[PDB]
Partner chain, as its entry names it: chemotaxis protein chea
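In structure tokens, one chain follows: the form deposited without its partner chain.
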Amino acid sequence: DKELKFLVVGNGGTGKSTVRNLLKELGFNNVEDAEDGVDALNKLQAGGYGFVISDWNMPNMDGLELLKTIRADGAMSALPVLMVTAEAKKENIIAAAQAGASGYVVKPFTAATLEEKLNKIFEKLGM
């Protein structure tokens, strides 16, 4: 369903766009936003989301702490999380894998790339 709810945490810029704008071309209109990990966790208690897209670098609470926290929450631990960054570091990619992320993408990227990503995650999660 194109009725799947996204939560776009962080700045969300992509180079010539924004995550929320690229989602609309793929057909995903049901999206809300958060500014950092703390804002994200508050909104997440309202319940009803099905996928999260987050920045690595954010103020107050970064992408990694956010991710270990969603994974420990017995209520949303099976929640899909795709990491977004503009600095590719082996050490950050390793850390995100063992912490339980569903993917990793390096900006700038286009609608093409986000589609291959989303699809691959839908398949390995079976949804």
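Positions refer to the first chain, counted from 1.
Not pictured, yet referred to below: the form solved in complex with its partner chain.
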**Prompt:** Even though its partner chain is not shown here, does residue 123 get within 4.5 Å of it in the entry with it bound, heavy atoms only?
**Reply:** yes
**Prompt:** According to a 4.5 angstroms non-hydrogen atom cut-off, is residue 52 in contact with its partner chain in the entry with it bound?
**Reply:** no
**Request:** Would you please decide whether residue 88 lies within 4.5 angstroms of its partner chain in the entry with it bound, comparing each non-hydrogen atom pair?
**Result:** yes
**Item:** Partner proximity in the entry with it bound: residue 97 to its partner chain, non-hydrogen atom cutoff 4.5 Å
**Value:** yes
